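Numbering-wise, the sequence shown is residues 162 to 383, 414 to 565 according to the authors' numbering. Quick notes on the structure that follows.
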Amino acid sequence: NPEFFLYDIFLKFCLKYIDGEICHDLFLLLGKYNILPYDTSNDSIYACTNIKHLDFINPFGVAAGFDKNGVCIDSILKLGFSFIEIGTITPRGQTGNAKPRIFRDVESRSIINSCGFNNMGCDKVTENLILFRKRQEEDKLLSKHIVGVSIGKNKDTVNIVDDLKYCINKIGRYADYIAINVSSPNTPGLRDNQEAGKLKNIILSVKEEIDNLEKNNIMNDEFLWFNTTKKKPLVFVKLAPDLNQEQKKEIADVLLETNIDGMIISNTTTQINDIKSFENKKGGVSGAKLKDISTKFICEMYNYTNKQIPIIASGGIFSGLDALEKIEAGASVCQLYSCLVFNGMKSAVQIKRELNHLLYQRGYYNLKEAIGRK
Ligand SMILES: Cc1cc2nc3c(=O)[nH]c(=O)nc-3n(C[C@H](O)[C@H](O)[C@H](O)COP(=O)(O)O)c2cc1C
Ligand SMILES: Cc1cc([C@@H](C)NC(=O)c2[nH]cc(Cc3ccc(C(F)(F)F)cc3)c2C)no1
Ligand SMILES: O=C(O)c1cc(=O)[nH]c(=O)[nH]1
């Protein structure tokens with residue numbers, strides 16, 4: 162804990178004096194050289210959870226966009242997170258929009274971004290994940306930690322599906338699950354793929370390409416799936432909150448039609464117009480202000496899918512209570528982003544015990560029961 166205390170000092174100075182992207186890069190540099198603190202505590206057995214046959218030692222991971230290139234997986238997980246979603250990645254590396262592209266508002270614990278899927282591309286990120294998977298076998302703090310991969314398209318690409326299949330064939334073996342990103346607001350025209358007709362086509366094509374890796378392989382499953420599950424990656428789809436309610440219904444049954452393994456709710460939003468310092472800026476907003484809207488989006492989709500599609504929660508989770516709200520709404524695991532930005536190295540340590548203490552007070556035996564009790 163003395164270690165976490167020092168990094169909070171650096172955090173505060175960063176938020177006030179340094180550009181956000183520069184801080185974010187320092188974060189990842191510290192992680193790349195393994196000088197962040199560790200959370201070596203046994204996670205409460207009553208707080209574990211699962212998405213279908215995917216097991217999470219605890220209900221908290223890091224959302225996509227934090228480690229877009231998988232250069233910092235070890236150290237983020239060792240902060241106390243049960244999993245991480247890297248990406249979103251694209252087939253080829255791209256620069257994204259021009260800096261400064263991210264702006265934070267400490268006062269409201271909110272953020273606005275317009276990066277534009279900047280990443281090194283899938284060939285490079287794949288070799289980064291392979292190395293992690295090698296280290297994972299050597300490190301007892303990394304065993305049973307889940308790594309998912311968010312996948313998208315390039316600014317230039319016309320065929321959304323052409324980009325996804327390439328990513329899968331390249332990096333599918335090493336992923337525990339795949340997250341289809343059709344919810345980013347800062348790449349023009351991507352959300353249009355969320356319309357049921359286009360989406361169903363995308364899911365089915367994704368699910369297909371995963372199986373073809375399994376089908377044609379001379380070696381056993383033990414050597415094909417170089418991941419944590421030793422099984423083929425699940426398939427999740429991350430959705431945006433800026434949809435009218437009828438659009439949500441058409442998506443729901445498509446998920447049911449395709450037997451999607453899970454749904455991530457939600458992505459950043461553009462509906463927010465209250466925050467002063469973002470009035471000048473463009474892009475998708477995340478943080479506290481996104482909390483209430485994310486929670487509702489969960490209960491609706493949980494409704495439209497008749498509770499048959501596992502939910503991953505995202506958007507405005509800072510507290511152990513914020514988490515229980517997302518779980519009660521029907522979510523099984525929670526993803527964090529803004530919290531890490533405003534709370535720092537201690538984010539996972541703190542939110543885990545808060546939820547633990549809260550589950551006991553509310554009289555829940557374990558976390559699984561609290562799911563969807565609203
Ligand atoms: C700077 C930044 C980059 C992001 N990049 C991605 C991304 O590449 N893929 C994705 O699905 N979501 C991305 N997101 C959205 C977050 O992953 C998360 O879904 C959203 O920020 C809500 O979480 P929060 O309220 O805890 O911050 C990004 C968000 C931010 C602020
Ligand atoms: C992409 C993208 C995201 C961003 C913005 C939104 N991220 C951040 O502001 C951010 N991330 C992680 C932290 C915690 C942190 C803690 C300590 C230190 C150190 F090193 F100083 F001790 C640096 C950072 C912050 C403040 N900019 O680009
Ligand atoms: O990479 C990005 O710019 C991005 C993607 C996304 O899904 N959401 C977001 O806010 N930014």
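C-beta: ideal position from N, C-alpha, C; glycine also.
- DSSP links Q255 through a beta bridge to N280.
- When only Cα atoms are considered, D513 and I183 end up about 28 Å apart.
- Cβ neighbours of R296 within its own chain (closer than 8 Å, five residues either side excluded): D235, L303.
- Cβ neighbours of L325 within its own chain (closer than 6 Å, five residues either side excluded): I312, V367.
- Residue nearest to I332 within the set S485, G350, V286, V319 is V286 (criterion: CA-CA distance).
- For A224, the shortest separation between its Cβ and any heavy atom of ligand 1 lies below 7 Å.
- Taking C-beta separations shorter than 6 Å and ignoring five residues to either side along the sequence, the partners of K239 in its chain run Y199, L302, following chain order.
- Proximity to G507 across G358, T496, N494, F533 peaks at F533, based on C-alpha coordinates.
- Taking 7 Å as the cut-off, the C-beta of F188 counts as close to a heavy atom of ligand 2.
- Taking a contact to require three or more Cβ pairs closer than 8 Å, the stretch 248-255 and the stretch 442-462 do not qualify as touching.
- For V476, the three-state secondary structure derived from DSSP is strand.
- Under the criterion of beta carbons closer than 8 Å, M536 and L176 do not qualify as touching, at roughly 14 Å.
- Between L215 and the set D337, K517, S275, the nearest pair of CA atoms involves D337.
- If you look at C530, you'll find it isn't in any beta strand (DSSP E); it sits in the alpha helix (DSSP H) that goes 529-534.
- Remark: fewer than three beta-carbon pairs, one from each stretch, lie closer than 8 Å, so the stretch 371-379 and the stretch 314-322 are not flagged as touching.
- For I451, there is no enclosing alpha helix (DSSP H), as DSSP gives it neither H nor E.
- A Cβ-Cβ contact shorter than 8 Å links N547 with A208.
- Straight-line spacing of the CA atoms in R294 and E470 works out to 43 Å.
- Contact annotation, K517 with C525: C-beta distance approximately 6 Å; criterion of less than 8 Å satisfied.
- Here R553 is exposed: its Cβ has fewer than 16 other Cβ atoms, across all protein chains shown, within 10 Å.
- For the pair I455 and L430, the CB atoms are nearer than the 8 Å cut-off.
- The C-alpha of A479 lies about 22 Å from the C-alpha of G248.
- Taken through DSSP and simplified to helix, strand or coil, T420 comes out as coil.
- Runs of the beta strand (DSSP E) spanning 3 or more residues and lying entirely within the stretch 199-263 occur at 210-212, 215-217, 221-223, 244-250, 253-255, in chain order.
- Residue state for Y493 is assigned as helix, using DSSP reduced to three classes.
- With a cutoff of 7 Å, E182 counts as near ligand 2, since its C-beta is closer than that to a heavy atom of the ligand.
- With a contact defined as Cβ atoms closer than 8 Å, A224 and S505 qualify at about 5 Å.
- Look at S345: its beta carbon is less than 7 Å from one of the heavy atoms in ligand 3.
- One Cα belongs to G241, the other to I206, and the distance between them is close to 14 Å.
- The nearest non-hydrogen atom of ligand 1 is less than 7 Å from the C-beta of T459.
- Put simply, of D266, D452, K173 the residue whose alpha carbon is nearest the alpha carbon of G309 is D452.
- Look at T486 here: in three-state DSSP terms it is helix.
- Within the same chain, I489, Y493, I502, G563 come within 6 Å of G521 by CB-CB distance, once the 5 residues on both sides are set aside.
- When DSSP states are grouped into helix, strand and coil, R265 belongs to the strand group.
- Within the DSSP bridge table, the entry for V286 names no partner.
- Cβ contact annotation for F244 (same chain, cutoff 8 Å, sequence separation greater than five): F217, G222, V223, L238, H306, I307, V308, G309, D337, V524, in chain order.
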